[PDB]
Amino acid sequence: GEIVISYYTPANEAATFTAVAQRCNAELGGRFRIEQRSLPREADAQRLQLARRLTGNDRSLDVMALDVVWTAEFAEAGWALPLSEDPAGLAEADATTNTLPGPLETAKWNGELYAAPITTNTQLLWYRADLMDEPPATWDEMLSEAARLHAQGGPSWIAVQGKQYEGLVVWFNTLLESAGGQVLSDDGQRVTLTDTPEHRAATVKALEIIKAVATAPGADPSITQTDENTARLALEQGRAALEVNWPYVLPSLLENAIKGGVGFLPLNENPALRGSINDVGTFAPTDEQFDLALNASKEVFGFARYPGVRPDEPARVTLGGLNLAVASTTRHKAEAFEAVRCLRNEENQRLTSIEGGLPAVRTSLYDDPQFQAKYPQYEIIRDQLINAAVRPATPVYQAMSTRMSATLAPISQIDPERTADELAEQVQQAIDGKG
Ligand SMILES: OC[C@H]1O[C@H](O[C@H]2O[C@H](CO)[C@@H](O)[C@H](O)[C@H]2O)[C@H](O)[C@@H](O)[C@@H]1O
């Protein structure tokens with residue numbers, strides 16, 4: 001029997017990347033096979049399980065989909081092989097061509113590639129288009145619109161990622177960079193949360209926003225335990241009319257509405273969409289069915305730019321995504337690197353975004369009319385990539401992030417001025433190596 005290349009991804013996209021792997025297996029003509037294996041649903045726990053396999057020298061571990069913040073650590077640990085170790089010498093060129101350069105930077109350490117981007121990510125504003133006329137453009141307007149809805153007994157929750165984990169650090173980073181701040185200096189060696197008056201003011205403003213959302217009159221009473229999934233559910237279940245979340249929320253809403261899970265969008269009652277869910281449960285409609293389902297959603301659901309912190313200042317939205325790394329444990333370097341190239345080829349990218357919701361990194365797709373029609377999020381994604389925020393690249397990232405979320409949470413108890421100083425001190429201890 002053939003070589004088996006393991007391909008670890010978060011369970012959130014197991015269905016999509018199982019499909020991509022199966023396409024690759026057919027394209028590979030039997031020379032080897034790729035098998036998808038699922039990691040946990042939240043970032044911190046995805047890393048822990050990879051770290052366990054790597055530290056335990058799991059020789060069956062071949063390809064791993066890393067979050068865009070683990071590159072420096074995995075490179076320095078020897079866990080992610082440099083692309084230059086590809087026996088075929090093709091990995092570096094494949095990663096570099098027709099690949100968005102912002103995402104590509106997240107796969108680098110010390111000027112060298114240790115992974116090939118496969119998906120990027122940038123959060124959008126999602127809103128109930130039937131309950132307001134235009135969406136909020138700033139966090140002040142988010143709070144005012146939520147208060148209006150709360151006064152009328154409407155869905156008053158703002159759906160955010162507020163629990164003690166990476167998603168809270170992402171929220172903070174976006175608000176911070178949108179206000180003109182940054183966590184670390186460009187070289188990663190100094191803390192810049194409070195080192196100048198303008199940097200301090202950006203940190204305080206970001207903390208003011210998180211605190212205000214957490215203490216808002218109609219706020220989610222479980223906001224201190226919220227993540228991507230609770231935010232998606234809060235809007236689908238009619239408890240929130242305002243949500244910030246990644247682009248996968250659109251196909252999720254259409255799919256669950258067709259299945260009968262969205263009260264205010266009973267697409268299950270529409271006979272023309274029978275069969276839009278395929279044999280394994282994935283929303284995969286005809287072109288006509290997609291248009292009809294998307295158009296119906298527009299009555300009650302829209303997306304817009306992530307809200308900024310001040311008027312006429314577009315948000316700087318934190319980049320997310322996945323970069324494919326070959327694990328140093330692999331017994332089959334040549335096939336692992338070849339698997340990476342197949343998994344991220346242009347037609348697999350097309351499917352990854354249209355079916356999975358995850359933004360492609362292949363630059364060409366954002367100009368492709370067929371892609372634009374079936375992945376309507378593309379234009380706001382592109383707009384937000386032009387001024388994206390990026391979490392710092394540092395080999396102490398996980399340690400720094402754990403301290404930050406432990407300082408930010410519970411978000412109900414943030415004090416903007418004092419938490420700003422505690423955050424700066426906790427980050428300093430992280431880059432100092434205290435751990
Ligand atoms: O597409 C949704 C993804 O949500 C998570 O990943 C995003 O959010 C993380 C923080 O919670 C970021 O660190 C990451 O960069 C983002 O891509 C989830 O972990 C992914 O599995 C989902 O695809």
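Hydrogens, waters and symmetry mates are skipped; everything else that's a heavy atom, side chains included, is used. Numbering starts at 1 and runs along the sequence shown.
Put simply, the side chain of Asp86 does not reach to within 4.5 Å of the side chain of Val326, judged on heavy atoms. Side chains of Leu113 and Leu104 form a contact here, defined as non-hydrogen atoms less than 4.5 Å apart. In this structure, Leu125 and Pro136 have side chains that are in contact, with non-hydrogen atoms separated by less than 4.5 Å. Counting heavy atoms from C-beta on, the side chains of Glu355 and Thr282 come closer than 4.5 Å. Side-chain contact between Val361 and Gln349 is present, with heavy atoms from C-beta onward closer than 4.5 Å. Put simply, the side chain of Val390 does not reach to within 4.5 Å of the side chain of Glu105, judged on heavy atoms.
To the nearest 0.5 Å, the span separating CG on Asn245 from CG on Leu235 amounts to 9.5 Å. If you take SG on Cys24 and CZ on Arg344, they are separated by 11.5 Å, rounding to the nearest 0.5 Å. We find the CG-CG distance between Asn345 and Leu351 to be 10.5 Å, quoted to the nearest 0.5 Å. Taking CG from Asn12 and CG from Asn229, the interatomic distance works out to 8.0 Å, rounded to the nearest 0.5 Å. Here CG of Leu242 is found 10.5 Å from OH of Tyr127. Values are rounded to the nearest 0.5 Å. Here the straight-line distance linking atom NZ of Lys298 with atom CZ of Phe303 works out to 7.5 Å at 0.5 Å rounding.
A centroid separation of 6.0 Å or more is found between the aromatic rings of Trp79 and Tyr114. Checked against a 6.0 Å centroid threshold, the rings of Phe301 and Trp126 count as neighbours. Taking the six-membered ring for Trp and the full ring otherwise, the centers of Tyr366 and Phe371 sit less than 6.0 Å from each other.
Comment: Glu112 does not engage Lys108 in a salt bridge, judged by the lack of any side-chain N to carboxylate O separation of less than 4.0 angstrom. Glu338 and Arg31 are joined by a salt bridge, as a carboxylate oxygen and a charged side-chain nitrogen come within less than 4.0 angstrom of each other. In summary, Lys333 and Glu85 engage in a salt bridge, as defined by a charged side-chain N under 4.0 Å from a carboxylate O. Between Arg382 and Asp367, at least one side-chain N (NZ, or NE/NH1/NH2) sits under 4.0 Å from a carboxylate O, which counts as a salt bridge. The pair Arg52-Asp58 does not meet the salt-bridge criterion, since no charged nitrogen lies less than 4.0 angstrom from a carboxylate oxygen. At a threshold of 4.0 Å, the pair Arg128-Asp130 counts as salt-bridged, since one of the basic side-chain nitrogens sits closer than that to a carboxylate oxygen. With salt bridges taken as basic N to acidic carboxylate O contacts below 4.0 Å, none links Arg331 and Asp62. Between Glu228 and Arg232 no salt bridge is recorded (no basic side-chain N to carboxylate O distance below 4.0 Å).
Heavy-atom minimum distance, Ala241 versus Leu131: CB-CD1, 4.1 Å. Nearest approach of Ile381 to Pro359, heavy atoms of both residues: CD1-CG, 3.9 Å. Smallest separation of non-hydrogen atoms from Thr120 and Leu100: CG2-CD1, 4.4 Å. The two residues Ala296 and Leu265 come nearest to each other via the heavy atoms O-CD1, 3.9 Å.
Only one option out of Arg41, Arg391, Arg47 pairs with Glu166 in a salt bridge (charged side-chain N to carboxylate O under 4.0 Å, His left out); it is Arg391. The one candidate from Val340, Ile34, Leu343 that meets the side chain to side chain contact (heavy atoms under 4.5 Å, CB included) condition with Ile5 is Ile34.
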May I have the step-by-step check of salt bridge (charged side-chain N to carboxylate O under 4.0 Å, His left out) for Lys163 and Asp227, ending in yes or no?
CA-CA 6 Å; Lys163 90 170 154 189; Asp227 65 0; 3.4 Å; yes

Could you walk me through whether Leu168 and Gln161 pass the side-chain contact (heavy atoms from CB on, under 4.5 Å) test, one step at a time?
CA-CA 6 Å; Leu168 173 57; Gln161 296 82 49; 5.9 Å; no

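Note on ring orientation: taking the six-membered ring where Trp is involved, the planes of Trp70 and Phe74 are parallel (angle under 30°, cut-offs 30° and 60°). A perpendicular orientation is assigned to the rings of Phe17 and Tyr7, their planes being inclined by more than 60° (bins at 30° and 60°).
A distance-only check finds no donor-acceptor pair linking the side chain of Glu236 to the backbone of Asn256 [under 3.5 Å]. A donor-acceptor contact shorter than 3.5 Å is absent between the side chain of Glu76 and the backbone of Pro395.
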